[PDB]
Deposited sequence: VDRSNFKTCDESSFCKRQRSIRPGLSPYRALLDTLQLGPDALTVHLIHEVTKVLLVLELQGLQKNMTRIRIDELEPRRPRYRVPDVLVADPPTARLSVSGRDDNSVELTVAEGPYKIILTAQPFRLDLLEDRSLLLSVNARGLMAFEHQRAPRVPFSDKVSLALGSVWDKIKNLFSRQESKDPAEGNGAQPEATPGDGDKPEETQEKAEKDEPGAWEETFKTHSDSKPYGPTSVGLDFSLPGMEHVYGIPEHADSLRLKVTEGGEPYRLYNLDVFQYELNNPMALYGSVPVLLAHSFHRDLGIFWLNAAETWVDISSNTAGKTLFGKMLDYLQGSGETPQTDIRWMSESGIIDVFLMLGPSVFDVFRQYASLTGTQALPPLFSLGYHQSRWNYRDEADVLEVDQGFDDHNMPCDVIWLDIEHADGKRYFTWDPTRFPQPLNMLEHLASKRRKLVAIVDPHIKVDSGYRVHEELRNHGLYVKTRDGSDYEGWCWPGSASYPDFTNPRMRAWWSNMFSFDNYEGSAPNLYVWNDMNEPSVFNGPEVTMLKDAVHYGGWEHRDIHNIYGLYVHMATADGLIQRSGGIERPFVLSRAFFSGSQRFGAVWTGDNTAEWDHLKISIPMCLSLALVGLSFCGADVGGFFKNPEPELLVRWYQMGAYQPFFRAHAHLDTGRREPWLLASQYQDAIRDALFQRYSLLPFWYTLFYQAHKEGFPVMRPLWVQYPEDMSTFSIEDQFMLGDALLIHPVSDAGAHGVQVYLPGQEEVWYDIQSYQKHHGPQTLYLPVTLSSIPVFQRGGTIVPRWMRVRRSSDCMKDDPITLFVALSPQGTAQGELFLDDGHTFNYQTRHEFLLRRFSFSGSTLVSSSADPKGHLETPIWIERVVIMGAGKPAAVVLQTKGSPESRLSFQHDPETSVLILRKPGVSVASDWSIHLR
């Protein structure tokens, strides 16, 4: 990374002004005579004692244990930005009642208790409690700062320069900031995207964490520089409770974290907009996930194929190359769902076009992939070549849908097609236009098996300040680029996802990968960690990066398998396939200057280990799909830190070399060259874990040193769970999606287990519009395995049947009996390994749509 291209806090005048305020007595005070209490909110005027600026505090109790704080000017010269399209609904409120009052304080009860809010008038402060337990304070360090809007026209407050880029800053200083105290909290997480540790560091002696969507070339590790996406959500965990803070601001934001009986203080500082913050009071982390999901929505249910393996590079040369790659997977018995087409596929980086030499017949190429039951992904960026012969440019220029400069002209910058303009994705008509451009009549050469990749949507501008858009560019409604920056990418993602839904008549689920993102981006598809590097430490950082994203609702995360920059040695490429095979978005990708690394180009030993990793992933597709359905319905992360599952185990709070998938699998991928073993922490008092390869049982809590070879992927199934698999690995997921299921039952020490399974057609909205799906619950206790409906609304005509049950931790029965309505009682044959206590039940033969029971006699 070239750090001189990106501002430190001292170089961002508003960060420098805000951060120069140190702890002390706040000059703000609430004017209790102006207090008004209604059923939805409490409003009170606040005043700055020196400048006499009046602000309005809108305080609300909300259903699901949340509190909302909104602060804005009472009489502004012009309106302040309020973030649109991120909240999925107007949050249901909870009545605040005065239960206490004196000349400097008002105590408010939320609904019928137990939550209470204490408003102190002088200095202005808010305390949030549950009964007698102090959960958090607001403005306890007196760091609240609301720069009021001055008459439009010290150093850098107004006109400001960074390198040679000038910000005319017509509205002058307008930054807002506020501090929060978390007594009892020593561990905080979230606020992606940073190439840094899962457990966030204190920022006291260095830079605050920065949230400003930026294209950072050759980004480095373990630092707080802003990367491509921004989710202004911070989680706090302790043995006793979970809390969350959601700071709804789209402007450049800096976050300071400090420690101090134990307590963590958080300070947020944003360039413009209002103070709009949600306090998510838990008490469990699952309660925080539900709280946040009620505000910003849940993960969009990926079409099944998008959870398979993706093969990409910058670039496949032409149609012949794409078809050779397709054939290479089949000739080497390696599954793959999608082959990707980077920027060289288009006509000179004119998006929605095809190079007439390289891709003269895209429909024929797509038909060939469709005959292999595979898909393709085409890159479409939000920058349009300035070319009068390019229809997209002419329509957007003619309709005035580009982002403008202050003088009213269309902004033109440098990007991949040379001179390019930037569509104003904040304008709803622009998003409608973009969505309609994906119709099969408009996007010539596209077909239903063509999906989309949105890159450079920060937006990336080569000659702009910090490689992005000028702060004083103008958007829809007259808002400045500074006001909206962090939602520009989200709007690109939203409009592309809508385009894929609309072109199909509203039937097909979209698949869109996006580089830039914000709160709510989980609703539109997948994200990835950008341009990582082919190095061991970048393989390791993929875990804390995707975990930081999972915690804040972005479950469909991944990092480029093999690293984007440079050439990975074969061992590193194998280990990356193993890591990627257990991460939500699984794509091999590589930079333009790299050697080819399609997996069959390596020596046989490496090919075999990669094939094994691909087979493991493909067999787990019913499990991945079920976790994603759970994320879609509940807002629960797919990929999880161990502390989410073991909240009282303090030794798990910083773990980032291991992770869990749902509640059932614990993964410790090998991430060092030449490793012959791994240290695995298996938590849980009275918990057991099964090594999924050897079936060896291990009791928790323990740190085990496990031996590994090149083909090893340290994976453990938790006792008490049932994992569904497709054991017949075929060339793509479409090939497997009607196949029989094998149930892997890992018995707890009490001899019990449970697990769920979601199934549908694999790609439409029929699960929601027609309730065409199945949600099954498998449960084991005593000597009986049962399948029952977990959602009776769901029905599905399917040939899927249960071909096998593998039971880990079971003794040898004398007989095995299957009962299902509509059939005579059946006797199943079985095989039992006394050394591992593994019981295999042969061919139950029952439909997955039916209730049934298997009794071990």
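Exercise for review: Show which contiguous pieces of the deposited sequence have no C-alpha coordinates, counting from residue 1.
Suggested key: Gaps vs deposited seq, in order: 154-211, 319-337.
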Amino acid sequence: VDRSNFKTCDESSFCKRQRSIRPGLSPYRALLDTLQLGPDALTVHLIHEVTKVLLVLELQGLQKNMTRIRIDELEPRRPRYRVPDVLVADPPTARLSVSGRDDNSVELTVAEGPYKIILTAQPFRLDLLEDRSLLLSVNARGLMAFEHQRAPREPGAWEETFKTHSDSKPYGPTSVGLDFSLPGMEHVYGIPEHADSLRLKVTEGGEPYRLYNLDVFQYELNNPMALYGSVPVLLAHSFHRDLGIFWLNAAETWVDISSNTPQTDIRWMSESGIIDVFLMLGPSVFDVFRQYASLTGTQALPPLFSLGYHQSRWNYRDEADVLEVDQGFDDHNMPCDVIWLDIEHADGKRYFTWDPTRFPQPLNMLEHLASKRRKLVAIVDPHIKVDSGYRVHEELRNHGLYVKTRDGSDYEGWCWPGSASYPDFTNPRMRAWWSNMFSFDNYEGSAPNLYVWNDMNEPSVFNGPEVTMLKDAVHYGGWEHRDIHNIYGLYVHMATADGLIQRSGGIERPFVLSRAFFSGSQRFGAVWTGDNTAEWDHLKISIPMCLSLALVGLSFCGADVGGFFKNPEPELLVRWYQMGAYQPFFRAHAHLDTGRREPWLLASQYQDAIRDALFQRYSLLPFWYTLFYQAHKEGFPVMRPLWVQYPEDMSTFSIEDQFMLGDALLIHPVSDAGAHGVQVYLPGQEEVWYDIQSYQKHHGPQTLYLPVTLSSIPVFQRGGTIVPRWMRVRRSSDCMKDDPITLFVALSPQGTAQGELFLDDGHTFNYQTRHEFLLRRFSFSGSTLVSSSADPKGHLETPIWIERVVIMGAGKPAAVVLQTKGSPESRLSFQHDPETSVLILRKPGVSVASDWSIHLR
From here on, numbers count along this sequence of modelled residues.
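What we label the rigid core is the largest C-alpha set whose atoms superpose within 1.5 Å from one form to the other.
**Study point:** Greater Cα displacement in 5 other deposited structures of this protein once the core is superposed, comparing 559-567 with 407-415
**Key:** Of 407-415 and 559-567, the stretch deviating more in 5 other deposited structures of this protein is 407-415.
**Study point:** Stretch with the higher entry mean CA B-factor, where the candidates are 802-810 and 45-53
**Key:** Comparing 802-810 with 45-53, the higher average CA B-factor belongs to 45-53.
Practice item. State which stretch shows the higher mean Cα B factor in the entry: 300-308 or 87-95. Key: According to the entry, 87-95 carries the higher average C-alpha B-factor.
Exercise for review: Could you say which of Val377, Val715, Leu211, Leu128 has its CA atom at the highest B factor, as listed in the PDB entry?
Suggested key: Answer, based on the entry's C-alpha B-factors: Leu128.
Review point. Which is it among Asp103, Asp330, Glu271, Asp355: the one with the largest CA B-factor in the entry?
Key: When the deposited C-alpha B-factors of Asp103, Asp330, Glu271, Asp355 are compared, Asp103 is largest.
Check your understanding: Which third, lowest, middle or highest, does the CA B-factor of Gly751 fall in along this chain?
Key -> According to the entry, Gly751 has a C-alpha B-factor in the chain's highest third.
Check your understanding: In terms of the CA temperature factor given in the entry, to which third of its chain does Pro544 belong: lowest, middle or highest?
Key -> It belongs to the lowest third of the chain when residues are ordered by C-alpha B-factor.
**Study point:** CA B-factor ranking of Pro114, expressed as a third of its chain
**Key:** Highest third - that is where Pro114 ends up once the chain's C-alpha B-factors are sorted.
Review point. Comparing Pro570 with the other modelled residues of its chain, is its CA B-factor in the lowest, middle or highest third?
Key: It falls in the top third of the chain.
**Study point:** CA B-factor placement of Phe623, once the chain's modelled residues are sorted into thirds
**Key:** Bottom third by C-alpha B-factor.
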